[PDB]
Each structure stands twice: as structure tokens, then as C-alpha cells.
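Protein chains in written order, with the deposited numbering: chain A, -8 to 144; chain A', -8 to 144; chain A'', -8 to 144. A prime marks a further copy of an entry chain.
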Amino acid sequence: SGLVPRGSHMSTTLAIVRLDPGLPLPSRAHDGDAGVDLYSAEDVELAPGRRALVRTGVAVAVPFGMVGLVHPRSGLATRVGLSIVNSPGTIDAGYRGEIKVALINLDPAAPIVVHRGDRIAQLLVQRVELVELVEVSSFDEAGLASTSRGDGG
Amino acid sequence: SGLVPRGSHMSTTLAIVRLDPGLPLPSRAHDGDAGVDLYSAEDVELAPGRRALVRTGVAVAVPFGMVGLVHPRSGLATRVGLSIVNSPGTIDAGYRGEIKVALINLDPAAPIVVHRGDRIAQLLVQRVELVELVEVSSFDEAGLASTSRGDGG
Amino acid sequence: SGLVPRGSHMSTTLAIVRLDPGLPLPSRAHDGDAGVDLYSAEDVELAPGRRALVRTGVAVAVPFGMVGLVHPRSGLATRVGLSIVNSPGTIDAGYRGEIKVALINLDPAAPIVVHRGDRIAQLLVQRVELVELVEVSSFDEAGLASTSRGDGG
Ligand SMILES: O=c1ccn([C@H]2C[C@H](O)[C@@H](COP(=O)(O)NP(=O)(O)OP(=O)(O)O)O2)c(=O)[nH]1
Ligand SMILES: O=c1ccn([C@H]2C[C@H](O)[C@@H](COP(=O)(O)NP(=O)(O)OP(=O)(O)O)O2)c(=O)[nH]1
Ligand SMILES: O=c1ccn([C@H]2C[C@H](O)[C@@H](COP(=O)(O)NP(=O)(O)OP(=O)(O)O)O2)c(=O)[nH]1
Ligand SMILES: [Mg+2]
Ligand SMILES: [Mg+2]
Ligand SMILES: [Mg+2]
């Protein structure tokens, strides 16, 4: 329906330009899914170990105070070793260019064929803290020293 | 204590089924830690460059409006080159199956042995924006054109 | 200005120690950007397939209820195959040590040279749900069974 539901009265609008209108709008595969699936605008073959920067045919306007995040899909990751070099890719609120996906073939022997119209990644949108750094001479200064860890990870 | 603290009165409940009750419940290694560590239910050896889909023995119910995120652990990543092909793995609110982790050995020469009961990943839970896409013919239309970047990244 | 703006009255402070004060404070490359870029404190050469744990010269105090996330930069990922083994790296609220970045060269043939003072990663800060796990015998118990997916992903 065109009626915005009760709880979800503050659902976030994402403006999108289909730079390649031959591709469907990105969509959630199932209700409640965190991401919308991005399509490839191109046919690409990746030999083992090779990477490509693949156009998705879309540009978005992530709201200020938020971030878009490009995540790999789990099925292709396991079945053929498809990954994303810079995962999770960070799409900034001021970016108005085309979203591109840095696919890489992490299989040792079998090439990966991507066809135009395949779903090759997923886009999440989340709030981000735009932090103000405060340089301190030590954490005790800031009142932040004794912790559950310390300088240990 | 069983008393929910002052500030943290709205702590998020995560329902979990131990499909493999021989494994401990996932836990935070230290107070304030972002994730709970996931266990492997199986023994697995990964030769250099090989990947596996590893059962964790748990199923969860991420709340609607949230997402579960499967992240690698830093120590194994550096010491032996252990990574996750689809990192960060995206666990959707409607998913009720077993959480699986797509481990991969990014070392060139040394095999990685995973034992049942090892902590092989960490699970974070975060809010996500379930966005409504609005297709526009250009960002100016939406009142969103002139930015700190432009189509540049 | 020193005046905190209207909307952004609740901007998050991140205390930071420059363990290596010869490096600039991390900064956002453009307004609205989700992350601040982390510098390398060292010169490092990565042969194809090799990884290193690289010091960034900073320690931070992520607030309780938040997480720091270390993400790769897209340009180096595509141009030279630079990635991060444990991406996204998880920086916990109680951590007070130096932030380190697990760089890896995913190119098959060309070495990557990192110079002291190069920007080698980006740090985001986000809220995280510090969840309370509730073990249930099945999701129906919790009132959470019938979904848009089921045990299917
Ligand atoms: O990219 C990273 C990730 C982690 N770290 C630090 C901060 C984090 O709080 C700490 C622990 O991270 P992990 O939980 O990913 N590592 P692991 O589980 O191996 O070790 P620990 O026992 O300390 O949790 O390591 C970094 O410096 N860089
Ligand atoms: O997966 C991605 C990541 C980034 N991008 C675009 C959007 C983002 O806002 C822009 C910059 O991303 P990075 O900061 O990760 N890249 P880098 O730091 O190399 O370049 P810049 O100088 O533009 O920040 O690149 C994509 O199209 N796909
Ligand atoms: O690391 C992960 C990622 C996903 N999953 C499960 C939960 C998630 O909700 C489900 C689907 O994840 P993806 O969307 O990344 N996979 P894909 O798009 O290939 O399949 P689907 O058609 O089910 O969306 O797979 C895991 O068990 N581990
Ligand atoms: Mg999917
Ligand atoms: Mg840990
Ligand atoms: Mg950048």
C-alpha cells in the first residue's frame, strides 16, 4: 500500500538514478532483508585471482548522517569464490557517481562468468556517527583509561 | 544481576537455538565488545587458497529493523591468514537457518586447521535502514545535486 | 566554527592518542564522508599474496555502545589489489591499544609499496546493539517462527 505503516512511519527514502535503465531497480529479495541486491550492467569473466571494477548502473543519494555499504552475496562466495576486494565498500553521503563493485575471483582454478543482469552484491544503508576527534595526551586525561581490555586485542 | 541497568533499559534480546548444544553459547570476550564469538561445529583443514562453508551450530532471530553481521577475528587473520569470503556476512531478520561461515585460507603455503569448538568469527547486531527507493530522473529533481564530492570517488 | 550546529547537537566525540605524532590526525576526505582515513606509520612492501600487520600510529576510545570499523579504501583495492584480511576490522569500545591494519596484496604479480604517511584504510564509528542472548528450544517458543525466508539463505 501507499499508506506508511504505524511503526515504520520514519522509513528512510533513498533517491536513485538508473544510469542503466535496462536493469531492474535494486530490491530486497525477501521482507526484512537488510540489503537490496545490485545488478551487474556488464558481462565480465574473471580468471582465478583476477579482479574487475564492475558497473552497477545506479547512482544513489545516501542521506547525510548515513552510509551505504556494499557487501558480497553468500551464495556466490561459497559456490564459486566470488568476493569483493574492498568489502565492505563504503558509499558516502556526498557521492553522486555510479556505484561500482570490485569483484575478485578467490577460486584457485575455475573462472567466474558474470552476466549483465546478474545480482552481484547487496547494498545496505545504516546510520554512521560523524565523529569529532579530540586529541588527548593520554586516555586518563579524557577519563577513559581502565578497561575490560586495555591496549590488548 | 537479573536487574536491567538504568541506561541500558533497552538492551536488545537475541533469541538463539543451539542446533549443536555441545558448543557454548556465543559470548562477548570482554565487556563492551561489539560481537559475540561464533564457534565451529566441525573439524576442517583448509589448504592454501581453499574455502569451506563451516557450520556454527546456532540459529538466531535478528529483530526486524536489524541485521546480524559476521566478521573475521583479527588474530587468526594475521597469524595464519584466515578470512571470510563474503565478509561481512549478512544475516537477515527473517533468517531462521543455521549460521554458516565461509572460511578461506589466504596464506600462500601453510594449511589452516580448525577444530570443533574453536572461535572462528564474531557476530555483531546493528540497526539497518530498510530504505524505500525513490527513482528520480536526476538528483537535482530530488533536490540533492551539489555536493562535497559529486560523481567522484 | 566552535559552535555546535542545530541538528548536529549530539555529534559524537572520539578521544584519540597520536602514538606517532609525526602523522596527521585522521580526517574525513570530504564533508559527509562516513570514515576518517588512517595513515600508515611505516614503510611496507607486500609481495603478491603476502600480508602485514601495519601500525597506524593512533589509539582511540570508541564509546560504550559503539564500535569502530576498519574498512579498505576503494581506489587502492582496484588499482593494486590492496585489501584487509579481517575486513571489516572490529575495534571494540574497551580497546585502548594501537589500531593495526592487516593489509594483504591480492594481486597475482605486482608488489604493493606502502609508504609512511600513506592513507591505507578508513575508520567508521557506528552504534552497535549489545545483545542479550536468550536461548530458546525453538523459535516458535519465542513467537518467532514463520518468516519471509525460513531456514533458507
Ligand atoms: O582491524 C583491526 C581489528 C582489531 N584490532 C584490535 C581492536 C580490537 O578491539 C581488538 C580485538 O579484535 P578481534 O576481536 O577481531 N581479535 P581476536 O578475537 O583475535 O582477539 P581478542 O581476544 O583480543 O578479541 O584488536 C585492530 O587493531 N585492528
Ligand atoms: O564499493 C565501493 C566503494 C566506493 N565507491 C565510491 C563511493 C564512495 O563514496 C567513493 C569513495 O570510496 P573510498 O573512500 O573507499 N575510496 P578512495 O578513498 O580511494 O577515494 P576518495 O578519494 O574518493 O575517497 O567511491 C563505489 O562506487 N563502490
Ligand atoms: O555469512 C553468512 C551470510 C549469510 N548467511 C545466511 C543468512 C542470510 O540471511 C542468508 C542470505 O545471505 P545472502 O543474501 O548474503 N546470500 P544469497 O543472496 O546468495 O542468497 P539468498 O537468495 O538467500 O539471499 O544466508 C549465513 O549463514 N552466513
Ligand atoms: Mg541475498
Ligand atoms: Mg575477539
Ligand atoms: Mg576515501
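Just so you know, even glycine gets a beta-carbon here, dropped at the ideal spot from N, CA and C.
Check: Determine, for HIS0 of chain A, whether the minimum Cβ-Cβ distance to residues of chain A' falls below 8 Å.; Outcome: no
Check: Work out the CA separation of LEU14 of chain A'' and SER2 of chain A'' for me, nearest whole Å.; Outcome: 24 Å
Check: By the 9 Å beta-carbon criterion, what residues does the region 92 to 107 of chain A contribute toward chain A''?; Outcome: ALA93, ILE95 and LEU97
Check: Can you give the beta carbon distance from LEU10 of chain A' to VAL49 of chain A', rounded, assuming they're within the 8 Å contact cut?; Outcome: 6 Å
Check: With a cut-off of 8 Å, does the C-beta of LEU44 of chain A'' fall near any C-beta of chain A?; Outcome: no
Check: Quick check on the DSSP output: the beta strand (DSSP E) that includes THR3 of chain A' runs from which residue to which?; Outcome: Premise fails: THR3 of chain A' is in no beta strand (DSSP E) and is neither H nor E.
Check: Between A'':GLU132, A'':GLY(-2), A'':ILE95 and A'':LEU29, which has its C-alpha nearest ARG41 of chain A'''s C-alpha?; Outcome: A'':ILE95
Check: I want to see whether chain A comes within less than 8 Å of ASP83 of chain A'', judged by CB atoms only; does it?; Outcome: yes
Check: Taking the C-alpha atoms as reference points, what is the distance between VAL58 of chain A and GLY23 of chain A''?; Outcome: 9 Å
Check: For a test of the three-state rule: what should DSSP assign to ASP131 of chain A', helix, strand or coil?; Outcome: helix
Check: May I have the straight-line CA-CA distance separating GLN113 of chain A' from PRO63 of chain A', to the nearest angstrom?; Outcome: 6 Å
Check: Measure the beta-carbon distance from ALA32 of chain A to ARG46 of chain A and round it to whole angstroms, keeping in mind my assumption that it falls under 8 Å.; Outcome: 4 Å
Check: Checking the sheet assignment: what are the DSSP bridge partners for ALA93 of chain A''?; Outcome: A'':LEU44
Check: Alpha carbon to alpha carbon, what distance is there between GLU126 of chain A' and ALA133 of chain A'?; Outcome: 9 Å
Check: Thinking C-beta only, is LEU135 of chain A' closer than 8 Å to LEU16 of chain A?; Outcome: no
Check: Report buried or exposed for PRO79 of chain A', applying the criterion of at least 16 other Cβ atoms within 10 angstroms of its Cβ.; Outcome: buried
Check: Output needed for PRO54 of chain A: all residues of its chain with C-beta closer than 7 Å, excluding positions within five of it in sequence on either side, in chain order.; Outcome: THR3 and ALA84
Check: Counting by C-beta, which residues lie closer than 5 Å to a heavy atom of ligand 3, in chain order?; Outcome: A:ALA20, A:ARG64, A:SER65, A:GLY66, A':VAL61, A':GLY80, A':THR81, A':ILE82, A':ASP83, A':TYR86, A':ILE90, A':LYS91 and A'':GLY144
Check: Flag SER(-8) of chain A as yes if its beta-carbon sits less than 8 Å from any beta-carbon of chain A'', otherwise no.; Outcome: no
Check: Does any CB atom of chain A'' fall closer than 8 Å to the CB of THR69 of chain A'?; Outcome: yes
Check: Smallest Cα separation from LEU67 of chain A': which of A':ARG110, A':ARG87 and A':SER(-1)?; Outcome: A':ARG110
Check: Are the CB atoms of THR69 of chain A' and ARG87 of chain A within a distance shorter than 8 Å?; Outcome: no
Check: Give every residue of the same chain whose Cβ lies closer than 8 Å to the Cβ of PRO102 of chain A', excluding the five residues on either side of it in the sequence, and list them in chain order.; Outcome: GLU36, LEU37, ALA38, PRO39 and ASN96
Check: Do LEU5 of chain A and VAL116 of chain A count as a contact pair if the criterion is CB distance below 8 Å?; Outcome: yes
Check: One question on the structure: do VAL92 of chain A and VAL71 of chain A come within less than 8 Å of each other, judged by their Cβ atoms?; Outcome: no
Check: Would DSSP call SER65 of chain A helix, strand or coil?; Outcome: helix
Check: Whose C-alpha, out of A'':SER74, A'':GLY(-7) and A'':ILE7, is nearest the C-alpha of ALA43 of chain A''?; Outcome: A'':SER74
Check: Could you name the residues of chain A that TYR30 of chain A'' contacts, counting a contact when the two beta carbons are closer than 8 Å?; Outcome: The contacting residues do not exist; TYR30 of chain A'' stays about 13 Å from chain A at best.
Check: Taking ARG19 of chain A as the reference, which of A':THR81, A':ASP98 and A':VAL104 has the closest Cα?; Outcome: A':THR81
Check: Kindly indicate which residue of A':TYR30, A':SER(-8), A':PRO12 and A':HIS21 has the alpha-carbon position closest to the one of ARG107 of chain A'.; Outcome: A':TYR30
Check: Between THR47 of chain A' and chain A'', is the shortest Cβ-Cβ distance under 8 Å, so that the two count as touching?; Outcome: no
Check: Check whether the Cβ of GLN117 of chain A'' lies closer than 7 Å to any heavy atom of ligand 8, and answer yes or no.; Outcome: The ligand content of the structure shown is limited to ligand 1, ligand 2, ligand 3, ligand 4, ligand 5 and ligand 6, which means ligand 8 is not among them.
Check: From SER129 of chain A'' to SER65 of chain A', what does the alpha carbon distance come to, in whole angstroms?; Outcome: 32 Å
Check: Measuring alpha carbon to alpha carbon, tell me which of A:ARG(-3), A:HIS0, A:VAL122 and A:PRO99 ends up nearest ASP28 of chain A''.; Outcome: A:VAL122
Check: Using the rule of at least 16 other Cβ atoms within 10 Å of the residue's Cβ for burial, across every protein chain shown, is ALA52 of chain A'' buried or exposed?; Outcome: buried
Check: Comparing the C-beta of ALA133 of chain A' with each C-beta of chain A, is any distance below 8 Å?; Outcome: yes
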